[PDB]
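In the working numbering, the protein residues as written are 57 to 201.
All C-beta atoms in this analysis are idealised placements derived from N, C-alpha and C, irrespective of residue type, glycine included.
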């Protein structure tokens, strides 16, 4: 129930969403890669369908992650003159106030989150290029002439 609540917006939910999501990311590339090579010399079609569903699902997680990291929701517009807040970072040794920025959270999860996002999109690009390259290599082999 949390009578007080050590968090406000992001603290455990954002840290938990990355944990489960991340685990899914790896298991995805693992199953895809293993299925790509095997299906590659099989029917060179199983990898195509897998990529489509893998690209759509991953995009969904990439969208929710990037959105959660980049605030874009407010109550009312034209409402910003004086900064009000009970306590942003008073319990800690470093008294952090508020103003001149939204500030998602302490410098730890922000970097980590953006770290997986970039590392994820990077892995997808390399995998996509490999699939497109392999397909073209096999597609331009049957004809030859």
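Nearest to residue i by alpha carbon, out of the options?
i: residue 138; options: 111, 74 and 155; result: 155
i: residue 129; options: 83, 158 and 79; result: 158
i: residue 76; options: 114, 64, 199 and 101; result: 114
i: residue 187; options: 63, 61, 90 and 143; result: 90
What number of angstroms, rounded off, separates the C-alpha of residue i from the C-alpha of residue j?
i: residue 81; j: residue 176; result: 8 Å
i: residue 151; j: residue 165; result: 19 Å
i: residue 174; j: residue 167; result: 11 Å
i: residue 185; j: residue 74; result: 26 Å
i: residue 60; j: residue 178; result: 40 Å
i: residue 107; j: residue 72; result: 26 Å
i: residue 94; j: residue 110; result: 17 Å
i: residue 198; j: residue 105; result: 22 Å
i: residue 79; j: residue 85; result: 10 Å
Report yes if the C-beta distance between residue i and residue j is below 8 Å; otherwise report no.
i: residue 66; j: residue 161; result: yes
i: residue 124; j: residue 180; result: no
i: residue 121; j: residue 190; result: no
Exposed or buried, residue i, counting other C-beta atoms within 10 Å across all chains shown (16 or more means buried)?
i: residue 183; result: buried
i: residue 149; result: exposed
Near residue i, what residues of its chain come up, given a Cβ to Cβ distance below 8 Å and the 5 sequence neighbours on each side ignored?
i: residue 127; result: 158 and 160
For residue i, I'd like the list of residues in its chain whose CB is within less than 6 Å of its CB, leaving aside the five on either flank, ordered along the chain.
i: residue 117; result: 77
i: residue 62; result: none
i: residue 145; result: 152
Kindly indicate if chain D contains any beta-carbon less than 8 Å away from that of residue i.
i: residue 164; result: Within the model displayed, chain D is absent; a lone protein chain is all it includes.
Excluding the 5 residues flanking residue i on each side, which residues of the same chain have their C-beta closer than 7 Å to its C-beta?
i: residue 103; result: 91, 92, 95, 96 and 187
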